[PDB]
Each structure stands twice: as structure tokens, then as C-alpha cells.
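Visitor: This structure is in C-alpha cells; I'll ask about it shortly.
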Amino acid sequence: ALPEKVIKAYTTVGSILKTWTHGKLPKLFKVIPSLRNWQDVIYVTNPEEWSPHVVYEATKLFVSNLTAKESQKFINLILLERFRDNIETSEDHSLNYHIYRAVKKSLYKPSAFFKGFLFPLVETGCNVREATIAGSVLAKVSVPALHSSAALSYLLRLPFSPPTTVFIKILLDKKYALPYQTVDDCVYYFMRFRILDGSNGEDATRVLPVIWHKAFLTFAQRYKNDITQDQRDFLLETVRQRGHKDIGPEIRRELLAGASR
Amino acid sequence: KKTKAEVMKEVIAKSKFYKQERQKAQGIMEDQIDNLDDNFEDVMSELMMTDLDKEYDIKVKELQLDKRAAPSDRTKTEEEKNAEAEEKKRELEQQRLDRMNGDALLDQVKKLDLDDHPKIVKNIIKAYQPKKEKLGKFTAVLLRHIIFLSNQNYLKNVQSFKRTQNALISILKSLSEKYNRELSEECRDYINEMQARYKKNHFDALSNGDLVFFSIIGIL
RNA sequence: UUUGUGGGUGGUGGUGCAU
């Protein structure tokens, strides 16, 4: 029941930034980061129907100007809707690189990417295509290592999903620092994955594909110095009961011939 | 008629893009001039105001507490690295054939120590330094001091003279294959200094130090 | 986030063909 001038102005600037694909931005939209009420503003603008360059410039604006929790709510709502929108509108499931750039700015802003986009995506169950897409973004662009290893620790605490293991493969190959408490988290993930020869589990017995196998290889490859020796022979038991065909003995050689702290 | 048709098509294209971009320009400017300030003022008259993030903050604190790294890319096969090196040797061969056809501070520190372990003192100084310009300037005054000590004494025997000089010479090798321009201008003006000394007196400035200067440059 | 010092580079690849 808001004022009619706000209604008309924001839906008509919504149509303006629908018909936009080239050019510049309004006085209204560049004084929107001079205010606070962005949720109400952009909810009267109705954001989810604009153009790729438009979501590009909105992300450039909010990442360049605003701060953490505003970035959280903005990136969750807007980028999740636009990301799903772009992928399930493209029939071969391709993302527009300007929306990829929006994701890149979301990474670049420090506490914007994990609070807003990636973790509600893990809750809402994206497909493996979107998983590989955000993994390639995480490969090219880099947040602070603290926040990156934070994403690692929380995704290893959160349950298994194929997006979960693809993302954790992307991080373990992204090759940041792995603290010993984080390898506590990661081998806790691994002891919820292995077989408990008394209470078995679905995550402890289910089917675990080959991208997870590459993740196991890069974990025991790079990070053999932080797995403590009980975690070492626990990885021995894990890989021997759930080994592979050509990746597994490489994991075993890396695992035994690794010394640690 | 086909060519004219294609051109008519392009004309239609340019006309469409110009008119539509003009329309969007008009509308955006209109709203930006009236309804912009309207919306700003009136929405300002209005208003608009955890396991994941908790784990994020906690594991960031964890990261700060305990970062840890050890880089390791994929290992290299025997024949792979060996043939790459053999080919690099071939490239070196080709480059060689194609080329064929077409101080007191250092003194004080080291002599304050002792030569017979100043080999080690210097290697350590270099180790600390290597963990650009530091390296270059020290290498230059190192070669100077090498000349100096070799012209200062020849008392020691094959056991303690040769080993010091040859380990130093290996250091010279590796520092040469890394940095060279400092060495080059050092030895250039070194030729200047020794030719001026010859011109002062022909034989009263030549010695085993300048002879081994010839030797070390000729093997470097 | 950037700086003083080392360094990763081909596929948001086309692609037949058989299931």
C-alpha cells in the first residue's frame, strides 16, 4: 500500500532497465546506494525480469558500495533467482558471462558470496551443471583465504550432495590453506563417508562418483602434512574399503609417503 | 537487386536501433528528472529493515589461527623430464652454434670472522639474502674479495685452499647463471682498473689474482 | 583488499560414431 509515486517510478525504472542493454544508469539508481531502503526499493522495481547487463551493473553497484548483510540478502534473493533463471532458460544450460561477472563481484566482496549465494544454493539443491559453473567461477576468482577455507569447513560439515562434493573438489583443487581443525572437519566428513564396521549409514554406504574420487586424490595429494596420523590410517581404511581403479593406489602412495605435523 | 536488398536490410537495422535507443533515452531521462527524485524522497519517507555464516566466521577464525601450505603439482615421468632436458640441451647446442657463427664492509665482516669458515659465513649471508639488488651488490663485492684473498695469501695446501676456492667458485657459477649485469659492469671496470695500473707500471701490478680473474671469467 | 619476490595458461570448445 505504498505511495503511487514510488510504485510508478520503480516499476517504470524496472521497464527502463528492461529495455536497457547498452548505455548508462539513472540518477535514481545511482542515489539508491545513498539511502538504506534497498529491499523496498528493488521490490517495487521488481528485479527478476531485467537484462544481463542490468544485473551486471546492479551487482557492480552493490558490491562496490554496500556492506556485508545487505550484500547477503541482496545476493541471495537477486543472484539466486537470476542464476536459476539464466540456466533453466538456456536450453543447453549455459550462463551469460555478464551474470558470471555478477558472481565474480559477489566473490570479490568479502562476506557477500557465502552469506548470500552459495550456501542457500546448497540448501536448495542446484543441479550438477550449476555446480560445475560456480566451481569454475571459484577457480578463476579468489576471495580471502580465510573465507574460502570457511566455505570448505562449512560444506564439509553440511551433508553430502553431488553439488556438495563438486564444490569441495573445486576448493581442495583451488589449493588454499587447510588448518588442522579444518582437517578435523574434513575427516569428520570422511568418517561419515566410510563404513563403520556398528551403526551404518546412508552417507556411510551410498554411491560416490568419480569427481569425488578426484577430490579424494587432491586431498591426499596436497594436504598430507595436516592430516594427523590417526586421520592417515583412517584414510587408509577409507580408501581400501572404497577404492578405485586407477586413482586409488595413487592416493595410497601419497597417503603412506606423506609425513605430517 | 540482391545487393540492394541486403543494403536495405542494414538500413532497416540502423533505423530500428537509432529510434528505439532514442525512445529508451527519452523515457529514462524523464523518470530520472522527475520520478527519480520522487521515488528517492518517498521511499526514504518509507523504510526497509545462521549455521552457515556462524561456521564461516568460526572457520575464518580457525584459518587465522592455523594457515598451512605445501605446493605440489603432478610428478614427472622419467622419459618425459629426461627428453625435455635432452631437448633443452639440444636448444642450448643450437644457440651456441648460432652464436659461434653469428668492499671494505665485506672485508671487515669476513676478515673479522675467518676465511676457512667465511666460505660458510658468506654462504649463510647469501642464504639469508636469498630468502635482487642485495644479491647483485653482494655478489660483486664477493668476487672483489675473492680476488683480494687469493692475492693476499697462498700459504694453505691442497686440502684447505682448493676446497674453499672451489666451493666459492660453485657459488660464483650459480650466481652468474642468475644475475649477470652486475658482474659484467664489475669486470668491465675491472679491466679499466687493471689497464690503468699496467699503464702506471707494466709489471708491478700483475699477479696471480689478476691471472685467476682471467681464468674465472674464461670459465664463466 | 594491494604491494616487494617466485609462478599455473589452451578449452562455459566444434566434433562424427557406437550404445
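Ordering of the C-alpha cells sets the chain letters (A, B, ...); residue numbers start at 1 within each chain; ligands are numbered from 1 in the order shown.
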Could you please tell me, as a ChimeraX atom specification, which residues of chain B have an atom within 12 Å of chain A when using only C-alpha atoms?
Guide: /B:17,20-75
Visitor: Contacts between chain B and chain C, please, where a residue of chain C counts if it comes within 10 Å (with only C-alpha atoms (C1' of nucleotides)); show its shortest atom pair and distance in Å to one decimal, rows by chain and ascending number, as JSON lines.
Guide:
{"residue": "C:4", "atom": "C1'", "partner": "B:132", "partner_atom": "CA", "distance": 9.9}
{"residue": "C:5", "atom": "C1'", "partner": "B:132", "partner_atom": "CA", "distance": 8.3}
{"residue": "C:8", "atom": "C1'", "partner": "B:73", "partner_atom": "CA", "distance": 9.5}
Visitor: Which distance in Å separates atom CA of residue 185 of chain B and atom CA of residue 140 of chain B, to one decimal?
Guide: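 For atom CA of residue 185 of chain B relative to atom CA of residue 140 of chain B, the distance reads 9.3 Å.
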Visitor: Can you tell me, as an NGL selection string, what residues are no more than 10 Å from residue 149 of chain B when counting only C-alpha atoms (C1' of nucleotides), ignoring any on the same chain fewer than 6 positions away?
Guide: :B and (107 or 111 or 115 or 165 or 209)
Visitor: Write the residues you've just listed into a file as a PDB file, in the first residue's frame, and include C-alpha atoms for each of them.
Guide:
ATOM      1  CA  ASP B 107      86.244  -7.162   4.177  1.00  0.00           C
ATOM      2  CA  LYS B 111      88.140 -10.984   7.976  1.00  0.00           C
ATOM      3  CA  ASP B 115      88.258 -17.320   5.650  1.00  0.00           C
ATOM      4  CA  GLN B 165      88.198 -21.653  -3.610  1.00  0.00           C
ATOM      5  CA  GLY B 209      94.847 -12.672  -8.590  1.00  0.00           C
TER       6      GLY B 209
END
Visitor: Which residues of chain A are close to chain C, meaning at most 9 Å apart when you count only C-alpha atoms (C1' of nucleotides), and how do they look as an MDAnalysis selection string?
Guide: chainID A and resid 94:97 133 136 144
Visitor: Residues as selected, N, CA, C and O atoms, written as a short mmCIF file (atom, residue, chain, number, x, y, z; two decimals), in the first residue's frame, can you do that?
Guide:
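Below is the file that was written, selection_14.cif:
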data_model
loop_
_atom_site.label_atom_id
_atom_site.label_comp_id
_atom_site.auth_asym_id
_atom_site.auth_seq_id
_atom_site.Cartn_x
_atom_site.Cartn_y
_atom_site.Cartn_z
N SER A 94 23.42 -22.94 -20.22
CA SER A 94 24.57 -22.04 -20.29
C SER A 94 24.27 -20.75 -19.53
O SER A 94 23.15 -20.22 -19.58
N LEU A 95 25.27 -20.24 -18.82
CA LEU A 95 25.12 -18.99 -18.11
C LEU A 95 25.73 -17.84 -18.92
O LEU A 95 26.79 -17.98 -19.54
N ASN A 96 25.03 -16.71 -18.91
CA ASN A 96 25.53 -15.49 -19.54
C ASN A 96 26.74 -15.01 -18.76
O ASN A 96 26.75 -15.03 -17.52
N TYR A 97 27.78 -14.59 -19.48
CA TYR A 97 29.02 -14.24 -18.81
C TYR A 97 28.89 -12.94 -18.02
O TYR A 97 29.65 -12.70 -17.09
N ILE A 133 29.44 -24.83 -12.86
CA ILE A 133 29.57 -23.42 -13.24
C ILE A 133 30.17 -22.61 -12.10
O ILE A 133 31.21 -21.94 -12.27
N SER A 136 33.78 -23.37 -11.56
CA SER A 136 34.70 -22.69 -12.46
C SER A 136 34.89 -21.23 -12.06
O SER A 136 35.99 -20.67 -12.19
N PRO A 144 39.16 -13.78 0.04
CA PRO A 144 40.18 -14.05 1.06
C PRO A 144 40.21 -15.52 1.46
O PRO A 144 39.17 -16.19 1.55
#
